[PDB]
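S.K.: Coordinates for the following, if possible.
(5 chains, ligands or ions: 12)
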Amino acid sequence: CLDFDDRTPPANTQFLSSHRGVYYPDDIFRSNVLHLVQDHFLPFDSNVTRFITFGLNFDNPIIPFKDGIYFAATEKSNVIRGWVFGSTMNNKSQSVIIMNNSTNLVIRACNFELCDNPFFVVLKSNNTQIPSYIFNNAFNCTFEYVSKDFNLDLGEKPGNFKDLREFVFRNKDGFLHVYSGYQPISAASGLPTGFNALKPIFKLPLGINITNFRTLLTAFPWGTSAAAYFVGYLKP
Amino acid sequence: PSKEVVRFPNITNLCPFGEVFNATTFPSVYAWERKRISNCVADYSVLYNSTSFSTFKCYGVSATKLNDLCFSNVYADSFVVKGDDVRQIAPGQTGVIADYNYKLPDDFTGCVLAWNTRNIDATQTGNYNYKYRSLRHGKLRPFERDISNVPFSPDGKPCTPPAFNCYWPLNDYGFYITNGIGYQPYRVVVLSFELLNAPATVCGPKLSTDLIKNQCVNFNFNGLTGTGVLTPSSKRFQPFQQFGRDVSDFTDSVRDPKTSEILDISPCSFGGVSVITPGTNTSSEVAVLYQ
Amino acid sequence: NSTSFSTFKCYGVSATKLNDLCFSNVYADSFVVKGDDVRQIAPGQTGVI
Amino acid sequence: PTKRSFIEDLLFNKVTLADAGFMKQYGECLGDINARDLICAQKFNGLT
Amino acid sequence: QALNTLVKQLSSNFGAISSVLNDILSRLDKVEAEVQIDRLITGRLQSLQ
Ligand SMILES: *[C@@H]1O[C@H](CO)[C@@H](O[C@@H]2O[C@H](CO)[C@@H](O[C@@H]3O[C@H](CO)[C@@H](O)[C@H](O[C@H]4O[C@H](CO)[C@@H](O)[C@H](O)[C@@H]4O)[C@@H]3O)[C@H](O)[C@H]2NC(C)=O)[C@H](O)[C@H]1NC(C)=O
Ligand SMILES: *[C@@H]1O[C@H](CO)[C@@H](O[C@@H]2O[C@H](CO)[C@@H](O[C@@H]3O[C@H](CO)[C@@H](O)[C@H](O)[C@@H]3O)[C@H](O)[C@H]2NC(C)=O)[C@H](O)[C@H]1NC(C)=O
Ligand SMILES: *[C@@H]1O[C@H](CO)[C@@H](O[C@@H]2O[C@H](CO)[C@@H](O)[C@H](O)[C@H]2NC(C)=O)[C@H](O)[C@H]1NC(C)=O
Ligand SMILES: *[C@@H]1O[C@H](CO)[C@@H](O[C@@H]2O[C@H](CO)[C@@H](O)[C@H](O)[C@H]2NC(C)=O)[C@H](O)[C@H]1NC(C)=O
Ligand SMILES: *[C@@H]1O[C@H](CO)[C@@H](O[C@@H]2O[C@H](CO)[C@@H](O)[C@H](O)[C@H]2NC(C)=O)[C@H](O)[C@H]1NC(C)=O
Ligand SMILES: *[C@@H]1O[C@H](CO)[C@@H](O[C@@H]2O[C@H](CO)[C@@H](O)[C@H](O)[C@H]2NC(C)=O)[C@H](O)[C@H]1NC(C)=O
Ligand SMILES: CCCCC/C=C\C/C=C\CCCCCCCC(=O)O
Ligand SMILES: CCCCC/C=C\C/C=C\CCCCCCCC(=O)O
Ligand SMILES: *[C@@H]1O[C@H](CO)[C@@H](O)[C@H](O)[C@H]1NC(C)=O
Ligand SMILES: *[C@@H]1O[C@H](CO)[C@@H](O)[C@H](O)[C@H]1NC(C)=O
Ligand SMILES: *[C@@H]1O[C@H](CO)[C@@H](O)[C@H](O)[C@H]1NC(C)=O
Ligand SMILES: *[C@@H]1O[C@H](CO)[C@@H](O)[C@H](O)[C@H]1NC(C)=O
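M.R.: Residues are numbered from 1 along each chain as shown, chains lettered A, B, ... in the order given. Ligands and ions are numbered 1, 2, ... in the order given. Next comes the structure:
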């Protein structure tokens, strides 16, 4: 049970993607060959809606999920730590959440009582994470998965954005395909120009009419650090 | 060809055929479940002794070839329907079950099983423990679930159940012992898998052999048959790919299930030969020229 | 809501496309047969029925 | 060395033939596969 | 160029499930795979002609 009273209008800044956002189509090794494929890809030089924090803009809104999205987040500090996918985001329709809470990675899918304002609280005094509330009940369940243990640095960094992490999500035939990729970057604006291939990392067997998506942000106490994530829709 | 190089992964555990096909409780159609299958020796001969399937018909693969092939990404669904609704579980069908409860994809690589269970899922009085949806907006997408229980109205406005044009979308299956073949419980198990595309960890009992290299052999790598010469390679395979392909669709590189090591496959026949003859009338001797 | 059909299989059109298509000159026949004679109602079959 | 004159050698040097060696042995097409030579791919399919 | 085109024309599904054999023969029995084999043979013979 938490909420924010102070609000700031979303920026909703539109930028351009420099022909980035491709992924491996199939699990077949091919070398020294030019292959022609037809699938859902991000169009070259297309709009990307950016959402920016640390400017008193704790956005965390709902974004439509039409034929998949391309999630590219640039951040020098771990402010974005997962997503939540659902139809109505209430406790009347099943939703799947993926949170990068430390010492594991959690994927769970169940009739979740969303708090309407996801939260992840960590104080800058000791750089230690304290418990937060993303949901209040669980009700009926249908998936679960806990990964291995790792620790991500919560220490705040004063420098500009240091790493780029891009993901691609697609729901087809009851499977949520996830592709991951990461490349170093040093800039403070727009989306780095370049090329990068995304490798398959997940195929989650959950049957949900996934139509809306919302990210999970981390706040350093009202207010947070600098982190920008871009959303791009794929088209056939 | 001379020898056989059949090679299968290191699987030494029998598949769970009692957890499924012999589960104490089976879910309803409107809320079905899924189970992941891995590290199995899929021999359906063990089911010959206990379970008899009234309908075992499926697509994307031949029934007789299920013992040699190797499948990947195997999942098993389970639900309970009546006699007349057991024909709706098939690609390209219409009905209450095939629209609002469980829809199969148009293209489907898997197997569907179903048997009759009257002595277990029926009583002298009504069972009324299995439910299904009959009122819904639109149609379900293939392999999707809808477990929400909200009042349904033709207009779409939320409403209380006692109001007009407001019904509960879930009805109860009334199973009695004194019923015909129709309206009788039928437990259905649907299996889906993908083969010869990704690395696999589940298939039937085929005894692997040793590796034969630099010789025309009849290999069998995870169900992929053919004749060729196996040669050590230099390509580097990423951990999510197993086979390789050329500019023309043909497998040239296959990762060894056991002893991961990338092997090259080449055609056995290569070259050219011509025959020189002075004429049959003159002599029967010939001269052979190899290019 | 009312009737359950033990056999609903037919030809010349796809079952899933019956909601978008528009038919003309529709006629309906009706009769009563036994269980073993219900398979004889099909194009290219032999039997008493 | 060559039995051709200077002009004929110049003419032969201009044309960049695909250089079908007319003897592509099984050893050459079985090794050095990373080059992906077109001729080795054609002779594997019965085109000579 | 003609020979290279003929080589690269071997990866076309001439109405069959797959363009590469030993895959149709491994997933289907003798009777069912014969149709796809005949389709591939017809397509490749047309290419040769
Ligand atoms: C998964 O969730 C999605 C997203 O919510 C859902 O798809 C559709 O959601 C939209 C948005 O809520 C609905 O579409 C419209 O909704 C309103 C409210 O009814 C109306 O504008 C429309 O309904 C009327 O449409 C026609 C009138 O023009 C008439 O047929 C009649 O009057 C309808 O009331 C319209 O539906 C929509 O309700 C749902 N989809 C459906 C099929 O109803 C979807 O249900 C989920 N997807 C899956 C695959 O289960
Ligand atoms: C999804 O969650 C809902 C809500 O919890 C489940 O519905 C509820 O299921 C329980 C049993 O798990 C029902 O309790 C039992 O119901 C009847 C009498 O109504 C009787 O068998 C028992 O005395 C007991 O009370 C409960 O009524 C039912 N409804 C509500 C509103 O709570 C639902 O089953 C879950 N679905 C799945 C697929 O798990
Ligand atoms: C996002 O795409 C929209 C498409 O409407 C662009 O917004 C307008 O596009 C029209 C049509 O080309 C132009 O005439 C307007 O000038 C655009 N408005 C603005 C404010 O630029 C929009 O530019 C795109 N976003 C980008 C390119 O970042
Ligand atoms: C689904 O969520 C709603 C909204 O939170 C829950 O409604 C609550 O119902 C209880 C009584 O059951 C009331 O005391 C609360 O005030 C309600 N909350 C709100 C915000 O109005 C509803 O119970 C939930 N359904 C469940 C848990 O099955
Ligand atoms: C991150 O999430 C995991 C999964 O829920 C948490 O690990 C579990 O913690 C509970 C605490 O009651 C234990 O009962 C479980 O056995 C743990 N699961 C394991 C170890 O697999 C973990 O605590 C979370 N991290 C936090 C809260 O900092
Ligand atoms: C599958 O089992 C075989 C059994 O031979 C394994 O091969 C042995 O691997 C060990 C190391 O794990 C070596 O020391 C032996 O020399 C190998 N023996 C032979 C005959 O090759 C093989 O590694 C196993 N594969 C996997 C993936 O576990
Ligand atoms: C009498 C009016 C005839 C109108 C003809 C035009 C279209 C009719 C087509 C289909 C009607 C019957 C569909 C089968 C319903 C199956 C229900 C079930 O399987 O449970
Ligand atoms: C024993 C003599 C066998 C002779 C073989 C030559 C021809 C036989 C062919 C068909 C015989 C049986 C026809 C089926 C009759 C169906 C009657 C029904 O469906 O009601
Ligand atoms: C750091 O500060 C937090 C927050 O006050 C406190 O809980 C914790 O004990 C402190 N020490 C360490 C070692 O984390
Ligand atoms: C299958 O179920 C029957 C009861 O229906 C039980 O007696 C038998 O032991 C089971 N067989 C197994 C689990 O192999
Ligand atoms: C097969 O079933 C019979 C009874 O029909 C039983 O005695 C026997 O033990 C069973 N064998 C196996 C291998 O399950
Ligand atoms: C559907 O059938 C139920 C009983 O099963 C009945 O109460 C209801 O009125 C029927 N609805 C319609 C629209 O015919």
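
S.K.: check contacts around residue B:154.
M.R.: By Cβ atoms under 8 Å, 6 or more residues apart in numbering or on different chains, the residues touching residue B:154 are residue B:165. No exception for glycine: its C-beta is placed from N, CA and C like everyone else's.

S.K.: what about it, distance to residue B:135?
M.R.: To residue B:135, residue B:154 is 9 Å away according to Cβ to Cβ, to the nearest Å.

S.K.: what's the spacing between the closest residue to chain A within chain E and residue B:23?
M.R.: When distances are taken as Cβ to the nearest Cβ, chain E reaches nearest to chain A at residue E:8, 9.8 Å away. Remark: distance between residue E:8 and residue B:23 (Cβ to Cβ) = 51 Å.

S.K.: cool, and residue A:77?
M.R.: To residue B:23, residue A:77 is 48 Å away according to Cβ to Cβ.

S.K.: Which one's more surrounded, the two?
M.R.: More crowded of residue A:77 and residue B:23, by other Cβ atoms under 10 Å in any protein chain shown: residue A:77, with 23 against 14.

S.K.: surely the more buried one meets residue A:226?
M.R.: Yes: in terms of Cβ atoms under 8 Å, residue A:77 counts as a neighbour of residue A:226; the distance is 7.4 Å.

S.K.: Leaving aside the residues adjacent along the chain, what's closest to the residue positioned nearest the centre of chain B?
M.R.: In chain B, the residue lying closest to the centroid (Cα atoms, centre = their mean) is residue B:110, at 2.8 Å. The shortest distance from residue B:110 to any non-neighbouring residue, by Cβ to Cβ, 6 or more residues apart in numbering or on different chains, is to residue B:192 (3.5 Å).

S.K.: And the helices in chain E, which stretches?
M.R.: E:2-8, E:24-27, E:30-48 (DSSP state H).

S.K.: Just the helices from chain B, written as ranges.
M.R.: With DSSP H as the criterion, chain B has helices at B:96.

S.K.: For it, which residue gets nearest to ligand 9?
M.R.: Of all residues in chain B, residue B:239 sits closest to ligand 9, at 37.1 Å by Cβ to the nearest ligand atom.

S.K.: where's that residue relative to residue B:85, distance?
M.R.: With Cβ to Cβ as the criterion, residue B:239 and residue B:85 are 43 Å apart.

S.K.: about what we covered before: bridging across strands, which residues link to the residue nearest to the centre of chain B?
M.R.: In this entry, residue B:110 is beta-bridged to residue B:59, residue B:192, by DSSP bridges.

S.K.: Strands of chain D, start to end?
M.R.: Using DSSP state E, no strands are found in chain D.

S.K.: Indicate the residue of it located nearest to ligand 9.
M.R.: With Cβ to the nearest ligand atom as the measure, residue D:34 is the residue of chain D nearest to ligand 9, at 54.3 Å.

S.K.: Could you check how far the spatially closest residue to that residue that is not a sequence neighbour is from residue D:35?
M.R.: Closest residue to residue D:34 apart from its sequence neighbours, by Cβ to Cβ, 6+ apart: residue B:234 at 6.3 Å. According to Cβ to Cβ, residue B:234 stands 11 Å off from residue D:35.

S.K.: Kindly report the same for residue D:15.
M.R.: Taking Cβ to Cβ as the measure, residue D:15 falls 23 Å from residue D:35.

S.K.: Between those two, which is the more surrounded one?
M.R.: Set residue D:15 next to residue D:35 and count neighbours by other Cβ under 10 Å: residue D:35 wins out with 10 against 6.

S.K.: What is the end-to-end distance of stretch A:67-79?
M.R.: 26 Å (Cα to Cα, to the nearest Å).

S.K.: What residues does chain A have near chain B?
M.R.: A:26-31, A:33, A:92-94, A:111, A:140, A:142, A:173-175, A:199-200, A:203, A:205, A:207-209 (Cβ under 8 Å from any Cβ of the partner chain).

S.K.: By proximity to ligand 5, which residue of chain D wins?
M.R.: Closest contact between chain D and ligand 5, by Cβ to the nearest ligand atom, is at residue D:34 (45.2 Å).

S.K.: my guess is residue A:44 contacts residue A:16, does it?
M.R.: No: using Cβ under 8 Å, residue A:44 is not in contact with residue A:16; the gap is 9.6 Å.

S.K.: near chain A, which residues of chain B?
M.R.: Contact residues, chain B versus chain A (Cβ under 8 Å from any Cβ): B:33-34, B:36, B:73, B:75, B:105, B:141-148, B:150, B:197-199, B:235, B:237-238, B:240-247, B:253.

S.K.: Just the buried ones from these?
M.R.: Applying 16 or more other Cβ atoms under 10 Å in any protein chain shown to the residues of chain B next to chain A, the neighbour count classes B:34, B:73, B:75, B:105, B:142-148, B:198-199, B:237, B:241-247, B:253 as buried.
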